[PDB]
Amino acid sequence: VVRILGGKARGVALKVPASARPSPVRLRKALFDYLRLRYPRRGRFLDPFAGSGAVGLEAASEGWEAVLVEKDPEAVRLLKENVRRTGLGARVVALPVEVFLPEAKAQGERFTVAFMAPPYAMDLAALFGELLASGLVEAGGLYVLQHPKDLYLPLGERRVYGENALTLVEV
């Protein structure tokens, strides 16, 4: 019930398990209006906790070199089906974010943007802290954290969208 908003796969419906937020449309639409405005040259996009891939596939559709990591074999199954439906080229890494980050660093992996929208039931703060500490975003890039508007981080500027907020941390 969710579609890619722009780019090469604009309009394509994504299979999304009834167990998702899924992800506010004005939120996604706003994040990318900003991202293409701030990064016209694009770059590499990291999406840990990707689900069916709503945000990571949107980046891919918009010209980003997207890397999506997700642990749930179910979600991964849907993720791959979605990569197919959209016909987009994206790297799918099926493993826990807590394993990926360490390894990504050792491989000298780097990205321009790292978006994280983990399930609100987890400790969204310790998780953001870990992402921020990985140092995976190159100078000039961004760490974008989605969370309930009541959760507050002094790491950067925020934008509220109804009940969700996005915290953007510059590097």
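A quick note on method: Cβ atoms are made from the backbone with ideal geometry, for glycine too, and the neighbour counts reach across all protein chains shown. Each reported figure results from applying straightforward, stated rules to the coordinates on display, with no laboratory input.
Against the list (1) within 20 Å of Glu70 (Cα to Cα); (2) in contact with a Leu (Cβ under 9 Å, 6 or more places away or on another chain); (3) hydroxyl-bearing (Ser, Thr, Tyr), the condition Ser19 fails is (2). In the range 39-55, the residues that are under 11 Å from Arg21 (Cβ atoms) form Cβ pairs under 6 Å with partners that are surrounded by fewer than 24 Cβ atoms within 10 Å (Cβ to Cβ) and of a type in the set (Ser, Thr, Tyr), at six or more places apart or across chains, as follows: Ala54/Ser23.
For the range 11-55, residues that are outside any loop (DSSP other than H, G, I, E, B) and under 21 Å from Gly87 (Cβ atoms) total 10. Scanning the range 82-130 for residues that are outside any strand (DSSP E or B) and charged (D, E, K, R) yields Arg84, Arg85, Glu98, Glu103, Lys105, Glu109, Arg110, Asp123, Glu130.
Test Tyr34 against the criterion of being crowded, with 17+ Cβ neighbours inside 10 Å and either free of Cβ contacts under 8 Å to residues at least 24 places away in the same chain or over 14 Å from the mean Cα position of the chain (by Cα) (or both), and give yes or no.
Numbers: crowded, with 17+ Cβ neighbours inside 10 Å: no; either free of Cβ contacts under 8 Å to residues at least 24 places away in the same chain or over 14 Å from the mean Cα position of the chain (by Cα) (or both): yes.
No, not satisfied.
All conditions but one from (1) over 15 Å from the mean Cα position of the chain (by Cα); (2) outside any loop (DSSP other than H, G, I, E, B); (3) buried (at least 22 other Cβ atoms within 10 Å of the Cβ) apply to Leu79; the one that does not is (1). Taking the criterion of being under 21 Å from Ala18 (Cβ atoms), surrounded by fewer than 19 Cβ atoms within 10 Å (Cβ to Cβ) and in contact with a helix residue (DSSP H, G or I) (Cβ under 9 Å, 6 or more places away or on another chain), would at least one residue in the range 122-136 satisfy it? No, the range 122-136 contains no residue that is under 21 Å from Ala18 (Cβ atoms), surrounded by fewer than 19 Cβ atoms within 10 Å (Cβ to Cβ) and in contact with a helix residue (DSSP H, G or I) (Cβ under 9 Å, 6 or more places away or on another chain). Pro17 meets all of the listed conditions (1) crowded, with 16+ Cβ neighbours inside 10 Å; (2) in contact (Cβ under 8 Å) with a residue 60 or more places away in the chain; (3) touching a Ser or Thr at 6+ places or on another chain (Cβ under 7 Å) but one, namely (1).
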